[PDB]
Amino acid sequence: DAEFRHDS
Amino acid sequence: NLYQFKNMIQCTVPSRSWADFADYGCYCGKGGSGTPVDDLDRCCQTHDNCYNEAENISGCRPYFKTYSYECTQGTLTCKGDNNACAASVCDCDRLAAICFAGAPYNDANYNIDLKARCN
Ligand SMILES: [Ca+2]
């Protein structure tokens, strides 16, 4: 999927 | 942790890709400044502040801390076996996921210019 930073 | 938070969003908002929430308004995702742009951004502002508070606990890292939770049959629950750090972070994530499910999603507010608009 990802390692995008967050979903805050 | 963030993997668990992502699964919380998938359970409460199964219409849409968690990535939709990863870069929204001034608070959802990387951002943490300025005036929240709408109701969804306000969910994220509260979540961001919630994590800052949990960070005051010794050795508590909300981005990485694995907690115990369940999401079945429309119900999200943080479990009883959580320590103080796990319990606080789980509740920050749970309240955000519930908040996300009730607020309207404005496509215009996705991927906005943080440097220009979030002062
Ligand atoms: Ca944020």
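Below, chain A is the first sequence line, B the second, and so on; all start at residue 1. Quick note: numbers below take in every heavy atom, side chains included, and nothing from hydrogens, waters or symmetry partners. Read the numbers this way: they start at 1 and go in the same order the structure lists the ligands and their atoms.
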Checklist outcome for this item: Given the options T35(B), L114(B), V37(B), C26(B) meets side chain to side chain contact (heavy atoms under 4.5 Å, CB included) only with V37(B)
Item to check | Residue of the set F100(B), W18(B), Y110(B), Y105(B) for which ring-ring contact (aromatic ring centres under 6.0 Å, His included) holds with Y24(B) | outcome: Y105(B)
Item to check | Contact flag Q45(B)/the Ca ion (ligand 1), N/O/S atoms, threshold under 3.0 Å | outcome: no
Checklist entry - Is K79(B) paired with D91(B) through a side-chain N to carboxylate O contact shorter than 4.0 Å? => result no
Item to check | Face-on cation placement of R94(B) at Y69(B) ring, 6.0 Å and 45° thresholds | outcome: no
Next on the checklist: At less than 3.0 Å, would any N/O/S atom of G31(B), backbone or side chain, sit next to the Ca ion (ligand 1)?
Outcome noted: yes
Item to check | Vertex the Ca ion (ligand 1), rays to O in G29(B) and OG in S8(A) - rounded to 10° | outcome: 60°
